[PDB]
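Colleague: Experimental coordinates follow, after the sequence.
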Amino acid sequence: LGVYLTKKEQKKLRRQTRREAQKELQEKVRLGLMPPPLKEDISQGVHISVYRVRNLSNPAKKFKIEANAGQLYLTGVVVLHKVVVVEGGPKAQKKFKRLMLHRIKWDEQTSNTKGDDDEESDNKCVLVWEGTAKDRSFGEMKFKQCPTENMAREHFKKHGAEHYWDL
Amino acid sequence: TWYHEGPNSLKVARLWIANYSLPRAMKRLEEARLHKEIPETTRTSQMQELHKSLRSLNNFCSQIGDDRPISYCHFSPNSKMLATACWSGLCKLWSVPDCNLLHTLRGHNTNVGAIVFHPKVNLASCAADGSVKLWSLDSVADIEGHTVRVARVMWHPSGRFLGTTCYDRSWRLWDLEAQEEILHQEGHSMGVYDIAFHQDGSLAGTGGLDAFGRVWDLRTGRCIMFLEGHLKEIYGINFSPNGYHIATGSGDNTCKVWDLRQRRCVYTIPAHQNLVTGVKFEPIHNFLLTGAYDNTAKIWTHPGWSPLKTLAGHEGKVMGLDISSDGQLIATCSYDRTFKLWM
Amino acid sequence: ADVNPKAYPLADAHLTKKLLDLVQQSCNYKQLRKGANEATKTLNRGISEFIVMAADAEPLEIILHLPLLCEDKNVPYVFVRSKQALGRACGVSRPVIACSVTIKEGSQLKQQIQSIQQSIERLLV
């Protein structure tokens, strides 16, 4: 919240500010003092988000998602085939949401390293839901890989989260 | 915390509720069934119905009403007529065709909360002025006691009683006939934006601006089970026909569905972006239908709570929506000012 | 205290702070038109981000055309309680009963404007 003030309240302030200073200096010459010139989030509930993408292959993307999750105290997980989930205080999620959508470019091209050498690689992201949950059973943020679409559910299944995946 | 005494006359009613309420549950269990099983029919039939609902529907027409957005629309029990409330106006329209309407009235009140039909000639409407009006729809009385604006109002499933829920942390239970205050209830710490009555007529769940969904037993007047899940205000509280499940919606873009009987806690559909206004179950018979300011409109199963389909015909935001008893209509009041009939 | 029911866009004390901050910033960035008259122009011209009005206006009707113009043009409008307060946020020693945050090219204020818009759209039910 901010107050402004008018032209005449600038003068009066500027002059009464200046006056005190110069007269105080004046005495100093008379007196001879002066030669003469924490991860954030909310405990009661838990804000959450969920994201869904075609490819995660780029490592630079794989790495950021591990850092920021550990950087901001976001609980959650990530999965894929051969979705992303995040939970915390509402300030945390907003940062992370900004990252996933507006900062990071998932459509961008990268040259990956394989066991033999380096090769080129030439995907989109969109949010599904943000909301509120009785408790977040996620203990830590654990990126993983699943071969099928089923153990992928059983993975979330452990967390009673089967539903968060959308075909 | 106190026990407040008083109002013997209301006390009489609680007895009535108990007699009425208690008898209802056996019938509900009979409706629930189980014995036949024969899964194939259900999966083929139930699935087919859900698929059709979330896969074909489209606009029929738009229409107009006023120049303020439309705050409430409701369908009569025969599903032939819609009532539409503006911030300051309402008129009654003809379900199938809509268009011209029957006839308009500019009520004494300026900003309309909710509009509801008696289950069995009458409506009821709550609005900004803190006065509820009992309407006789021809081919009745005003209700006083409310200081602030009244967000929601409902008819007990029974038929005798009307319960009102406004802003000053008071949801008030009212009789239709005598127009009296049967119960003045307290307990939320900010606004209370919805009141829902659950189909056996046993229980009312109150949603509030303090993000606390709070159940209430009308007969003992005891706060029963407090539900915590919503990190923003809870606008709609939609009870399910089965009567053992409730569903809530909120500023946070979440729908919680809590089943008290099965001890199932809460299953969160992540529904919508940008708020949620009104969630509706399908009356006869499973499906959920909800409306946020995202401009879309959704269709949900009540078993998986997987999102099935979405429909976009609105150019603006959606304040509220009601669905045909058969489930061959869906009527949604556009934020802009039309009323759009969905197939 | 009570406000004319007709000051339908009403902001609580929190939104009120944000609004007046953003108005003050817009005054600095020069995306601010002050006065019912100039706010009307920005609506007819189609260069309004959102509209803010004082429920304090003695002639309540003297600014009631704004929500109408707004509804047509699909522009958010909100109320605050105090026209003296609005005045101060507009740089003015005098009360200001309406004002308009106008569209500006590549505004630094964009994100904040978008955010305020959403809040106001929420209050419209």
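Modeller: That came through, no problem. Numbering: from 1, shown residues only, chains lettered A, B, ... in the order given.
Colleague: So which residues on chain C come close to chain A?
Modeller: Residues of chain C lying close to chain A (C-beta under 8 Å from any C-beta of the partner chain) are C:17, C:20, C:21, C:24, C:25, C:27, C:88, C:89, C:90, C:91, C:92, C:93. C-beta: built from backbone N, CA, C; applies to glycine.
Colleague: The residues you listed, buried ones only, as a ChimeraX selection?
Modeller: In ChimeraX, this line selects whichever of those come out buried by 16 or more other C-beta atoms under 10 Å in any protein chain shown:
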select /C:20,24,25,27,88,89,90,91,92
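Colleague: I figured residue C:35 hits residue C:95, correct?
Modeller: No: judged on C-beta atoms under 8 Å, residue C:35 makes no contact with residue C:95 at a distance of 10.7 Å.
Colleague: Tell me the one of the residues of chain C next to chain A nearest residue A:117?
Modeller: Nearest to residue A:117 out of the residues of chain C next to chain A is residue C:25 (C-beta to C-beta; 53.5 Å).
Colleague: Quick check: which element contains the closest one?
Modeller: Assigned by DSSP states H and E, residue C:25 falls within helix C:13-28.
Colleague: got the contact list for that helix?
Modeller: Residues outside helix C:13-28 that contact it (C-beta atoms under 8 Å, 6 or more residues apart in numbering or on different chains): A:1-2, A:4, C:11, C:32, C:34, C:52, C:78, C:80-81, C:85-86, C:88-91, C:99, C:101-102, C:109, C:112-113, C:116, C:119, C:123.
Colleague: can you give me how far it is from the chain middle?
Modeller: How far helix C:13-28 lies from its chain's middle: 9 Å, per C-alpha atoms, centre = their mean, to the nearest Å.
Colleague: got it, and stretch B:96-115?
Modeller: Worked out by C-alpha atoms, centre = their mean, stretch B:96-115 lies 18 Å from the chain centre.
Colleague: CA atoms of that stretch as CSV?
Modeller: In CSV, the C-alpha atoms belonging to stretch B:96-115 read as follows (Å, rounded to 0.1, in the frame of the first residue of the first chain):
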residue,chain,number,x,y,z
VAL,B,96,-36.8,-27.5,-24.7
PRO,B,97,-36.9,-24.4,-26.9
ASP,B,98,-36.1,-21.6,-24.6
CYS,B,99,-36.2,-18.4,-26.7
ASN,B,100,-39.2,-16.2,-25.9
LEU,B,101,-39.9,-17.3,-22.3
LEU,B,102,-43.0,-17.2,-20.3
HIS,B,103,-42.8,-13.8,-18.4
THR,B,104,-40.3,-11.6,-16.5
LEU,B,105,-40.4,-10.0,-13.1
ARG,B,106,-38.0,-7.5,-11.6
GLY,B,107,-37.9,-8.5,-7.9
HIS,B,108,-37.4,-6.0,-5.1
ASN,B,109,-33.9,-7.3,-4.7
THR,B,110,-30.8,-6.4,-6.7
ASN,B,111,-28.2,-9.4,-6.7
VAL,B,112,-29.5,-13.0,-6.8
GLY,B,113,-27.9,-15.8,-4.9
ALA,B,114,-29.7,-18.9,-5.7
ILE,B,115,-33.0,-20.2,-7.0
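Colleague: re earlier: using a markdown table, please lay out the residues of chain C next to chain A together with distance to residue B:221.
Modeller: What follows is those, written out as a markdown table (distance: C-beta to C-beta, whole Å):
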| residue | distance to residue B:221 |
| --- | --- |
| C:17 | 39 |
| C:20 | 44 |
| C:21 | 45 |
| C:24 | 50 |
| C:25 | 51 |
| C:27 | 54 |
| C:88 | 49 |
| C:89 | 48 |
| C:90 | 52 |
| C:91 | 56 |
| C:92 | 54 |
| C:93 | 56 |
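Colleague: on that earlier part again, check which helices and strands the helix or strand following the helix holding residue C:25 is in contact with.
Modeller: The helix or strand immediately downstream of helix C:13-28 is strand C:32-34, counting by DSSP H and E. Strand C:32-34 is packed against helix C:13-28, helix C:36-45, strand C:98-102, with contacts defined by 3 or more C-beta pairs under 8 Å, 6 or more residues apart in numbering or on different chains; DSSP states H and E.
Colleague: May I have the secondary structure class of the spatially closest residue to residue C:44 that is not a sequence neighbour?
Modeller: Nearest in space to residue C:44, with sequence neighbours left out and distances taken as C-beta to C-beta, 6 or more residues apart in numbering or on different chains, is residue C:69 at 7.2 Å. At residue C:69 the chain is in helix, as set by DSSP: H, G, I helix; E, B strand; the rest coil.
Colleague: okay, now residue C:69: neighbour count?
Modeller: When neighbours are counted by other C-beta atoms under 10 Å in any protein chain shown, residue C:69 registers 17.
Colleague: Residue B:241 now?
Modeller: As a burial measure, residue B:241 scores 16 neighbours (other C-beta under 10 Å).
Colleague: Nearest to the spatial middle of chain C, which residue is it?
Modeller: Among the residues of chain C, the one closest to the centroid is residue C:52, at 1.4 Å (C-alpha atoms, centre = their mean).
Colleague: Am I right that residue B:336 is in contact with residue B:315?
Modeller: Yes: between residue B:336 and residue B:315 there is a contact at 5.8 Å, judged by C-beta under 8 Å.
Colleague: Buried residues of the helix or strand that contains residue A:92, list them for me.
Modeller: Per DSSP H and E, residue A:92 falls inside helix A:90-98. Judged by neighbour count (16+ other C-beta under 10 Å), helix A:90-98 contains these buried residues: A:90, A:92, A:93, A:95, A:96.
Colleague: cool, stretch C:32-39 as well?
Modeller: C:32, C:33, C:34, C:36, C:39.
Colleague: now the angle from the helix holding residue C:25 to strand C:98-102?
Modeller: Between helix C:13-28 and strand C:98-102, the angle comes out at 60 degrees (axes from the mean of the first three to the mean of the last three C-alpha atoms, to 10 degrees).
Colleague: Which parts of chain B are helices?
Modeller: Counting by DSSP state H, chain B has these helices, from start to end: B:8-32, B:39-55.
Colleague: Including distance to residue B:311 and mean neighbour count, could the ones you listed go into TSV?
Modeller: Formatted as TSV, those follow (distance: least, C-beta to C-beta, whole Å; neighbours: other C-beta atoms under 10 Å in any protein chain shown):
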stretch	distance to residue B:311	mean neighbour count
helix B:8-32	29	13
helix B:39-55	9	13
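Colleague: Ok, which of those comes nearest residue A:79?
Modeller: Comparison of those against residue A:79 by C-beta to C-beta identifies helix B:39-55 as nearest, at 25.9 Å.
Colleague: Could you single out the nearest of the buried residues of helix A:90-98 to residue B:125?
Modeller: For those, the nearest to residue B:125 is residue A:90 (36.0 Å; C-beta to C-beta).
Colleague: nearest spatial neighbour of that closest one, skipping sequence neighbours?
Modeller: Of all residues not flanking residue A:90 in the chain, residue A:47 sits nearest, at 4.3 Å (C-beta to C-beta, 6+ apart).
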